[PDB]
Amino acid sequence: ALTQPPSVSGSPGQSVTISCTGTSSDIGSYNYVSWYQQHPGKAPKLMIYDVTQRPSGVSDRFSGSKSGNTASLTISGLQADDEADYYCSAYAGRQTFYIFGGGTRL
Amino acid sequence: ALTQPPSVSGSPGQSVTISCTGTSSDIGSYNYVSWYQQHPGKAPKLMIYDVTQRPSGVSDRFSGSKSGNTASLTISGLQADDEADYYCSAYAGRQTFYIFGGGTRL
Amino acid sequence: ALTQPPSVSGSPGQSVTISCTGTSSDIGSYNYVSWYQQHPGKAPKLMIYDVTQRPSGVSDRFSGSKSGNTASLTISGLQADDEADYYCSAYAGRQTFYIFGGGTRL
Amino acid sequence: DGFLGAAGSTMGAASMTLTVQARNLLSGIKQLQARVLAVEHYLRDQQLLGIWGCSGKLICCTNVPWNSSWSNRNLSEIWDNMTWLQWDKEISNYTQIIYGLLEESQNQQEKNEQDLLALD
Amino acid sequence: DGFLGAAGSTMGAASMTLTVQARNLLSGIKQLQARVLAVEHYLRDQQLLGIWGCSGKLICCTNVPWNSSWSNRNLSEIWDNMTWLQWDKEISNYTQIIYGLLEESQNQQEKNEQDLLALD
Amino acid sequence: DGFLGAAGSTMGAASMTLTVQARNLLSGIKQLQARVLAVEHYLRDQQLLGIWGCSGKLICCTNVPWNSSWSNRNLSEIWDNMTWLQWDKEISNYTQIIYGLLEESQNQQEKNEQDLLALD
Amino acid sequence: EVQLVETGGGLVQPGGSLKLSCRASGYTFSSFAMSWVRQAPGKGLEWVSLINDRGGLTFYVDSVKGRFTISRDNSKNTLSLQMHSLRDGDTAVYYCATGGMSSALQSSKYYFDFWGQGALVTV
Amino acid sequence: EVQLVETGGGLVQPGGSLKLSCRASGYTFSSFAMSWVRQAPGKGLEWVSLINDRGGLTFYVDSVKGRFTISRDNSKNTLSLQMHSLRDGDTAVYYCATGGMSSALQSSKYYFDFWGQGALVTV
Amino acid sequence: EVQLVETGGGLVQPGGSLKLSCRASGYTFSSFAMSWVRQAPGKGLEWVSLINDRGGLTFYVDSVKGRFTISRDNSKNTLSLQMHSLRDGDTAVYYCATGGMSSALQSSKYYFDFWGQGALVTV
Ligand SMILES: *[C@@H]1O[C@H](CO)[C@@H](O)[C@H](O)[C@H]1NC(C)=O
Ligand SMILES: *[C@@H]1O[C@H](CO)[C@@H](O)[C@H](O)[C@H]1NC(C)=O
Ligand SMILES: *[C@@H]1O[C@H](CO)[C@@H](O)[C@H](O)[C@H]1NC(C)=O
Ligand SMILES: *[C@@H]1O[C@H](CO)[C@@H](O)[C@H](O)[C@H]1NC(C)=O
Ligand SMILES: *[C@@H]1O[C@H](CO)[C@@H](O)[C@H](O)[C@H]1NC(C)=O
Ligand SMILES: *[C@@H]1O[C@H](CO)[C@@H](O)[C@H](O)[C@H]1NC(C)=O
Ligand SMILES: *[C@@H]1O[C@H](CO)[C@@H](O)[C@H](O)[C@H]1NC(C)=O
Ligand SMILES: *[C@@H]1O[C@H](CO)[C@@H](O)[C@H](O)[C@H]1NC(C)=O
Ligand SMILES: *[C@@H]1O[C@H](CO)[C@@H](O)[C@H](O)[C@H]1NC(C)=O
Ligand SMILES: *[C@@H]1O[C@H](CO)[C@@H](O)[C@H](O)[C@H]1NC(C)=O
Ligand SMILES: *[C@@H]1O[C@H](CO)[C@@H](O)[C@H](O)[C@H]1NC(C)=O
Ligand SMILES: *[C@@H]1O[C@H](CO)[C@@H](O)[C@H](O)[C@H]1NC(C)=O
């Protein structure tokens, strides 16, 4: 599993970063670290895919990157409706297809 | 190894069942669960092979079946000369060829 | 790793044997057990290779053999300048290429 | 024995002489035409083995199940009590069906291998 | 469809009919010369596939990277919006370059396999 | 170099040009007969490689041990101090023996593979 | 536009079985790989199984390799997961999702593009 | 009619070796696969090794893979197991048996069809 | 006559990287396989990595498989080991050596024929 902070918060309008840390066999070796936003009571929806790509229909406030074995999602302009459980999901090769991190309560 | 009851008994003439329980990678996946009867001081002889097949020369009182991961041998018409150590033997694929259970003292 | 005596010694001029003991998957299966002499402060140099072969330039006092899973280096005619840390190195196949033993202080 | 020595032998025993007949498959205008046609026949058989995914093999196992309608004989009956001439007559009417299935099986295998290779 | 039925189809769809065209590749002196030349052509293509390390395969993945100068189209654009005739014209000038690279790649692979096998 | 450029080179160096000679192996009635015979020769060599279990390979390792009676030279002596012409003359008398052993080795391998595949 | 709806059973006892099927609409079903992901009631998400677009090649997480079967019918636009044994640790909301794989001639995914609403499987 | 008789050594010390050979009669030896099974004095049966009918392809249980060699001579009707190291845990009655495998062109076995009397190997 | 000289960095902190290069002279570099061996300050020798004579095929000890890259340039007569992460347990004197492999057409080695002086890498 990937490590995520149990809880992240900030003032409305502030840019808030949620990190995800893995190892060399997953985040490091493969540039496929997607991010999902799960509202309570709802199914997760895709927010970020590959490393820096954003699905059509997603606000330009959600962006991210990868360095070493650490990936991060930065949400600029924090809104009241952005507080949801966020998850990172990394490709880990053919033997382990996907590894999810623990959720972060924003 | 496969699990068998340490001891089984019954009245002469009674139908007595000796079970053998394995897991999905052996009894479950492969329908090759033979049974052997080992008289004290003697080599084991084949009593049942495949799942329901009986070798020629074997009395029709010995029969069996398989359900889920449990195989069983039923001996109808129990005789005084049928008390012997019975073993189940299951095929477990190419990596583990055969697994024997603990003996049952009938 | 291979097992070697922590310390070996003898009188000058005496033939002194340093053993190396492994297992069947290494010393036993493959006849490639080299020996090295490491003088303090210096890089190791090759003394014995294969099982009984000696590199050109090496004195004929250094010889060895293999029996079972035990290899040995015998140094006849022990000199004051022969006291160095000796190591055995065995080939262990394709999965583990080389295994070194602990050093012996002669 | 030599070429076709196993023709009267059981199907099992004759499988150990597959190389002998194979060697003897390849070994004035009409004569030249005959040689050209022999070459084309040989290549048609090799192409067919290629399509099925066998290539340079004399014994090739596949993923096509036996229908049981083509022949309902026991496995030991076929291999121990029949010759290849009798077998060829026995399933002549199903030869093209079997060939079609073999081609389809290899096509699916090739796509699955390609997609398996595509995984990073 | 049958022979060349997929000629106007996209590159992706036509890959499922590779066996049909393959079967139709092999299927008075001038006529005999024509048959001989058809055989030589077929064998030249088979030899070339052999050299590249593909042998009896219709779809063969390799270790040669795409240069991006040969064609800079998107992967989905090439496979979903083009036919094979258009593609063949688009990269005609780079065919021999690609073939040369494929030959070199297999030669290195063969040596590495031999040296890997040499390890006790 | 090009075709046969390595003919005078050592056995080791010439193994890196195996594809060049291979390409040049395939590249009025008497002329047509000559082309047909060239095709038959090529196919005989390919069939022989197929029987041995090598198929589309230029370097093929096998399971037949070296007898030591065929040649007792050192491995480095053969590969570094001899040409292929000298080697071919040196072991000409044992060529058919080696070929026979190679055929037998593949036959056993095929049966063992089939029986290994038969295990559930 | 694009929709995925999970339909399946409710409460199952240990040692039984339960089939869960996802119905797809709004896109070409046969053009995308499908997978199942589950969320235990008090935990995050974990991947369970993956099937390609054709349906012939499948992958599973080791914890379910001998218990779950994943299959699809591209003519019925239906993805089915048939689960056996169903241990107490298998209680979770199961979701079907589009993505997770691409068949060599398509651009890479390695992400789950579209998610259904999910169905709760209780042991 | 069908008979199998084990002949071999008695008491061996740890680190030594012992060869055990099974002589067959009453059936065509070369037509059947052969295997060895052992029974510790106070336990049940366990499989030790398997050799096919030709003798070229062999399988072993992991606990003896680097110690035991199984071979057969179909002209001598003899099955031989050559054991090395022979640890205290190897004390058992060893039996040779016909069955356990079939060479693709034969009906399936996956059972041990005929057993010998056995011989006791003591470490 | 034959010489191998290691050149590289000194003190590195955990999480960084360090490249160590061995320069060869006195023999044909491209004719021999090369390897790296390390000695912790208070221990004996252990094998780290092996590269063949061509440089295309490499092997590593499991403890460094995801961290170290071994490469060679046969025109520059240079062997390079690029190390990442560099944990406290990686402090050692690193040596480059000729031997450890032979490319099928050469007589067997399976020994390290020639050693350099070594360079100390401290974490
Ligand atoms: C011919 O048939 C007889 C049947 O008894 C058999 O014993 C013999 O070996 C056969 N010979 C062959 C196939 O050459
Ligand atoms: C056997 O062949 C018949 C057609 O003759 C077909 O309908 C049936 O499905 C086949 N059996 C199998 C198992 O494919
Ligand atoms: C074929 O096998 C069946 C058992 O499934 C048996 O009843 C029948 O007699 C066998 N026939 C032959 C010719 O062996
Ligand atoms: C093939 O079909 C013809 C139809 O007339 C029939 O007479 C013949 O017996 C069939 N052969 C086989 C082997 O089914
Ligand atoms: C021809 O092109 C049209 C484009 O709309 C496509 O729908 C149709 O399937 C194509 N037919 C072929 C390639 O046979
Ligand atoms: C692409 O081709 C050019 C020559 O046209 C070459 O210089 C360049 O290195 C190639 N790119 C790659 C990645 O090989
Ligand atoms: C190709 O991919 C790029 C993104 O890398 C995109 O911007 C472009 O529009 C794509 N072109 C086509 C024809 O799909
Ligand atoms: C190939 O080169 C010729 C040079 O005249 C050029 O006209 C033609 O467009 C080129 N074709 C491609 C596909 O690059
Ligand atoms: C010819 O032989 C000489 C021997 O000194 C060698 O140096 C040279 O490279 C050889 N040339 C070839 C094989 O082309
Ligand atoms: C070498 O060849 C001779 C026959 O010339 C043969 O008797 C001998 O057994 C062969 N050696 C090996 C190891 O096969
Ligand atoms: C061959 O190797 C032996 C050692 O086994 C050696 O004595 C002999 O001189 C070598 N010959 C050549 C030509 O290298
Ligand atoms: C082959 O045999 C002939 C027999 O006369 C002999 O003269 C010749 O030297 C032999 N050649 C080899 C390479 O053994």
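Reading the values: the criteria
- Residues numbered from 1 in each chain as written, not as in the entry; some residues may be left out.
- Chains lettered and ligands numbered in written order.
- Part of a larger assembly, values for the part shown.
- Heavy atoms only, no water.
- 1 Å grid on protein atoms, 1.4 Å probe; cavity = no way out; pocket = protein on both sides within 12 Å on 5 of 7 lines; lining within 4 Å.
- Points joined across faces, edges and corners; volume = space filled by probe spheres on them.
- Helix = DSSP H or I, 4+ residues; strand = E, 2+ residues; numbered from the N terminus.
- Expected span 1.5 Å × (residues − 1).
- Buried < 20%, exposed > 50% of the residue type's maximum accessible area, 1.4 Å probe, protein only.
- Contact = heavy atoms within 4.5 Å.
- Patch = residues over 30% accessible without salt bridge, like charges linked within 9 Å, V, L, I, M, F, W, Y side chains within 5 Å.
- Areas by Shrake-Rupley, 256 points an atom, 1.4 Å probe, with all protein chains shown as cover.
- Salt bridge = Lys/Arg side-chain N within 4 Å of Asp/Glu carboxyl O.
- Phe/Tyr/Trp six-rings, centres within 6.5 Å; stacked < 30°, edge-to-face > 60°.
- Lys NZ or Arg CZ within 6 Å of the ring centre and 35° of its normal.
- Buried area = accessible area lost by both parts, 1.4 Å probe.
- Polar contact = N/O pair within 3.5 Å; in protein donor to acceptor, adjacent residues only side chain to side chain.
- Nonpolar A, V, L, I, M, F, W, Y, C, P; charged D, E, K, R; others polar.
- Axes fitted to C-alpha atoms, helices over the stretch in contact; angles between N-to-C directions.
- Parallel < 35°, antiparallel > 145°, perpendicular 65-115°, else oblique.
- Left-handed = near helix turned anticlockwise from the far one by under 90°.
- Pairing = 2+ DSSP bridges.

As recorded in the PDB header, cryo-EM is the method behind this entry, and the stated resolution is 3.4 Å.

Asks: Which parts of the structure should I look at to understand the layout of surface pockets?
Replies: Any empty space left between atoms is shown by rolling a water-sized probe over those atoms. Roughly 690 Å³ of internal volume is contained in the second largest pocket. Every residue lining the second largest pocket is counted, 28 residues in all, and those nearest its centre are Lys-111 of chain E, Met-16 of chain F together with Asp-53, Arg-54 and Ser-103 of chain I. For the lining of the second largest pocket, the leading source of residues is helix α6 (residues 95-117) of chain E, giving seven residues.

Asks: Any chance you could explain helix α3 (residues 29-51) of chain E here in plain terms?
Replies: Residues spaced three or four apart along an α-helix point in a common direction, a consequence of the helix completing one turn every 3.6 residues. Compared with an ideal rise of 1.5 Å per residue, which puts 23 residues at 33 Å, α3 of chain E spans 33 Å between its outermost C-alpha atoms and is within 8% of the ideal. Taken residue by residue, α3 of chain E has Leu-32, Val-36, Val-39, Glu-40, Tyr-42, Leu-43, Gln-47, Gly-50 and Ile-51 of chain E as its buried positions. Contacts made by the buried residues of α3 of chain E are with α3 (29-51) of chain D, α6 of chain E together with α2 (18-26) and α3 (29-51) of chain F. After α3 of chain E finishes, the residue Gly-53 of chain E shows a positive phi value of roughly 85°.

Asks: What should I look at first to understand the arrangement of the chains in this one?
Replies: A minimum C-alpha distance of 20 Å separates chain A and chain C, which share no contact. If you take every C-alpha in chain G and every C-alpha in chain I, the smallest gap between them is 22 Å, and the two do not touch.

Asks: Help me understand a nonpolar patch on the surface, please; the structure alone is not making it clear to me.
Replies: Residues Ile-29 of chain D, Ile-29 of chain E together with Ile-29 of chain F make up a contiguous nonpolar surface patch of about 190 Å² in total accessible area. Looking at where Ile-29 of chain F falls in the secondary structure, it is placed in helix α3.

Asks: What's the story with the packing of aromatic side chains in this structure? I'm lost.
Replies: Each aromatic ring pair is specified by the distance between its two centres and by the angle formed by the two planes. Overall, the coordinates contain 66 aromatic pairs over all chains when judged by the stated rule. Residues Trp-79 of chain E and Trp-84 of chain E carry aromatic rings whose centres are separated by 5.8 Å and whose planes lie at 80° to one another, so their mutual orientation is edge-to-face. Directly above the aromatic system of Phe-29 of chain I lies the positively charged group of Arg-72 of chain I, at a separation of 4.1 Å from the ring centroid.

Asks: When you look at the interface of chain A and chain G in this model, what are you seeing that I'm missing?
Replies: Where the parts come together, the accessible area they lose is often given as the size of the interface. In this assembly, 16 residues from chain A lie in contact with 21 residues from chain G. Interface area lost by chain A to chain G is led by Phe-97, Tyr-98 and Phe-100 of chain A, which between them contribute 39%. Joining chain A to chain G, the criterion identifies zero salt bridges. One can count four residue pairs in polar contact joining chain A with chain G. Looking at the side of chain A that touches chain G residue by residue, the classes come out as eleven nonpolar, three polar and two charged.

Asks: How should I be thinking about the pattern of salt bridges in this particular structure?
Replies: Oppositely charged side chains may form a pair once their charged atoms are brought near each other. Counted by the stated rule, this structure contains 30 salt bridges over all chains. Ionic pairing is found between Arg-105 of chain A and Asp-85 of chain A, a salt bridge with its closest N-O pair at 3.2 Å. Of this pair, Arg-105 of chain A sits in strand β8 (residues 104-105) while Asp-85 of chain A sits in strand β6 (residues 85-92), and the two are 20 residues apart along the sequence. The buried category is assigned to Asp-85 of chain A, whose relative accessible area is 14%. The residue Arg-61 of chain C makes a salt bridge to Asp-82 of chain C at a minimum N-O spacing of 2.6 Å. With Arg-61 of chain C in the loop between β3 (45-48) and β4 (62-67) and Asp-82 of chain C in the loop between β5 (70-75) and β6 (85-92), the pair connects residues that are 21 residues apart, well separated along the chain. The class for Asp-82 of chain C is buried, based on a relative accessible area of 3%. What emerges from the salt-bridge pattern is a single network uniting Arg-38, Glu-46, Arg-87 and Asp-90 of chain G.

Asks: How should the interface of chain H and chain B be read in this particular structure?
Replies: Taken residue by residue, the interface counts 21 residues in chain H and 16 residues in chain B. Of the roughly 1,600 Å² buried at the junction of chain H and chain B (both faces included), carbon and sulfur atoms supply 68%. Linking chain H with chain B are zero salt bridges. On the surface where chain H and chain B come into contact, there are four residue pairs in polar contact. Counting residues per element, the ones that place at least two in the side of chain H that touches chain B are β3 (34-39), β4 (45-51) and β9 (112-115) of chain H. Ranked by residue count, the leading element in the side of chain H that touches chain B is β4 of chain H, at four residues. For the side of chain H that touches chain B, the residue count by class is eleven nonpolar, six polar and four charged.

Asks: Honestly, the packing of α3 of chain E against α3 of chain F in this entry has me stumped. Any pointers?
Replies: When two helices pack together, their arrangement is captured by the angle between the axes and the distance separating the axes. In contact at an axis separation of 11 Å, α3 of chain E and α3 of chain F are set at 30° when each is read in the N-to-C sense. Accordingly, the angle class assigned to the pair α3 of chain E and α3 of chain F is roughly parallel. When you trace α3 of chain E past α3 of chain F, the crossing you get is left-handed. Contacts between α3 of chain E and α3 of chain F involve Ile-29, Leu-32, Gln-33, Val-36, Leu-37, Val-39, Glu-40, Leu-43 and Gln-47 of chain E from the former and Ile-29, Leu-32, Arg-35, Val-36, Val-39, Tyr-42 and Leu-43 of chain F from the latter. Of the residues belonging to the contact of α3 of chain E with α3 of chain F, the class tally is twelve nonpolar, two polar and two charged.

Asks: Help me understand the environment of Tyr-42 of chain E, please; the structure alone is not making it clear to me.
Replies: One can find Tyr-42 of chain E in helix α3. For the pair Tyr-42 of chain E and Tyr-99 of chain E, spaced 57 residues apart in sequence, the C-alpha separation works out to 17 Å. Leaving out residues up to four positions away in the same chain, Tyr-42 of chain E has contacts with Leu-43 and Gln-47 of chain D.

Asks: Explanation requested: the pairing of strand β2 (residues 17-25) of chain G in the structure shown.
Replies: In summary, the side chains of a regular strand alternate between the two faces of the sheet. Residues and elements named next belong to chain G. Alignment of strand β1 (residues 3-8) against β2, held across six bridges, turns out to be antiparallel. For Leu-4, the partnering residue across the bridge sits in β2 and is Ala-24. Judged from the seven bridges that link them, β2 and strand β7 (residues 78-84) form a sheet pairing that is antiparallel. By the bridge assignment for β7, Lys-19 is matched with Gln-82.

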